[PDB]
Amino acid sequence: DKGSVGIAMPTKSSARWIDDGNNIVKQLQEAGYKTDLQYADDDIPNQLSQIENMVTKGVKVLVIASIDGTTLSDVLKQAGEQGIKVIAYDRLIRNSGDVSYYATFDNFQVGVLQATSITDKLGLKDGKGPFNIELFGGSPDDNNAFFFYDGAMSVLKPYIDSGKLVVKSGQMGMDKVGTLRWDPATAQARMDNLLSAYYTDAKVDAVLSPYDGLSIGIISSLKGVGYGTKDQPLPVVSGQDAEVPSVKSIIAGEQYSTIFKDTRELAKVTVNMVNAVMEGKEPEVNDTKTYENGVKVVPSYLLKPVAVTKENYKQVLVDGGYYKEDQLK
Ligand SMILES: O=C(O)[C@H]1O[C@@H](O)[C@H](O)[C@@H](O)[C@@H]1O
């Protein structure tokens with residue numbers, strides 16, 4: 001037979017990975033492969049055990065979206081010893097030469113888009129400012145978080161340097177703005193304490209949020225101190241993943257933007273890679289320079305993300321079939 005593919009997803013607490021998993025499995029099975037899809041509920045030891053089982057089971061290919069890829073070094077070595085090819089899915093797996101390919105969206109560009117939605121809304125290109133902004137990052141054990149952050153700062157930093165953007169808290173850098181495990185409650189708490197320490201007098205004009213789940217928590221915090229009223233509008237808040245609650249928030253004129261990353265397209269890239277490996281061919285890659293993982297630069301294929309606001313949500317999210325119309329009502 002064609003062989004089996006082991007698919008390891010990190011959690012279901014962030015909505016996308018259910019879609020990733022469903023789409024990867026649907027497309028792999030259509031392609032004639034057997035699949036073993038597992039979700040780790042954000043438990044690092046359990047994800048490792050799940051991957052060990054796939055290796056022991058003798059899958060031909062592993063597709064892994066890791067909570068913390070650095071913990072997988074030994075199991076990926078074992079996979080390599082058995083001739084199993086490893087595709088890092090969405091998040092780069094670091095500290096392992098046993099990672100063959102990396103399928104993802106253009107993570108730096110995601111950051112550029114997140115920051116640009118904010119700077120465009122604030123009218124910074126038109127010389128407006130100063131405005132107060134606070135920064136959030138993803139989980140520091142997620143290689144993507146650094147790219148989202150760096151991508152955003154490529155747009156933001158020039159305005160911070162010129163004073164047209166002011167980080168009133170002074171908190172910058174992933175070691176200070178990172179949100180462990182991409183946890184909304186954590187981000188909401190940080191927002192609470194940013195507001196009380198730095199914005200009891202002044203107002204926040206924007207918040208760089210790298211993920212929809214965080215955006216919603218950040219917004220709750222802001223409403224907690226009086227934002228989101230007619231007199232006092234919410235600051236401009238970005239996002240990622242186009243989760244339903246965030247899309248509803250955008251439609252309602254609350255959260256400002258998000259980033260659409262079509263998991264159907266990422267699954268398709270993944271199936272193309274699996275097919276190539278099975279056929280003894282080289283997978284198509286479009287970036288062999290960016291994704292250093294500590295041991296090597298993993299050959300990667302990057303998909304182009306799409307910024308979404310209340311202006312384009314229908315065309316981007318509904319007309320293209322990602323969601324049904326009624327899901328957003
Ligand atoms: O866990 C999360 O929320 C985030 O994880 C990142 O690695 C994904 O690229 C992003 O799409 C998710 O929003």
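Start at 1 and go down the list; that is how both ligands and their atoms are numbered. Throughout, residue positions are numbered sequentially from 1 according to the sequence presented.
When only non-hydrogen protein atoms are considered, atom 4 (C) of ligand 1 lies nearest to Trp182 CE2, 3.6 Å. For atom 1 (O) of ligand 1, the closest non-hydrogen atom of the protein is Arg91 NH2, 2.8 Å. Among protein heavy atoms, the minimum distance from atom 8 (C) of ligand 1 is reached at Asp90 OD2, 3.3 Å.
Judged purely by distance below 3.5 Å, without hydrogens or angles, the side chains of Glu254 and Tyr227 never pair a donor atom with an acceptor atom. If you check the side chains of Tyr291 and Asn107, you find a donor sitting under 3.5 Å from an acceptor. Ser139 and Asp142 are not linked by any side-chain donor-acceptor pair at a separation below 3.5 angstrom, with hydrogens and angles left out of the test.
Counting the atoms of ligand 1 from 1 in the order shown, those under 4.0 Å from a heavy atom of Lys261 are 8 (C), 9 (O), 10 (C), 11 (O). For ligand 1, the atoms sitting less than 4.0 Å from at least one non-hydrogen atom of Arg16 are 8 (C), 9 (O), 10 (C), 11 (O), numbered in the order shown with element in parentheses.
Taking distance alone, with nitrogen or oxygen atoms compared against 3.5 Å, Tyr211 stays at or beyond that limit from ligand 1. Not one N or O of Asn107 is nearer than 3.5 Å to an N or O of ligand 1, by distance alone.
Pairs passing the side-chain hydrogen bond (donor to acceptor under 3.5 Å, both in side chains) check and including a residue from residues 196-205, sequence neighbours excluded, read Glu134-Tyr199.
With a 4.0 Å cut-off on non-hydrogen atoms, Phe147 does not touch ligand 1 at all. For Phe148, every heavy-atom contact with ligand 1 shorter than 4.0 Å involves the side chain, none the backbone.
Under 4.0 Å is where a charged nitrogen must lie from a carboxylate oxygen, and between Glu30 and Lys26 no such pair does. Salt-bridge formation is detected for the pair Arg264/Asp262: a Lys NZ or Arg NE/NH1/NH2 atom is positioned less than 4.0 Å from an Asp or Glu carboxylate oxygen.
Residue nearest to atom 11 (O) of ligand 1, selected from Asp183, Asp142, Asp241: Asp241 (by heavy-atom distance).
Every residue was checked against the side chain to side chain donor-acceptor pair (under 3.5 Å) condition with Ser249, not counting sequence neighbours, and none meets it.
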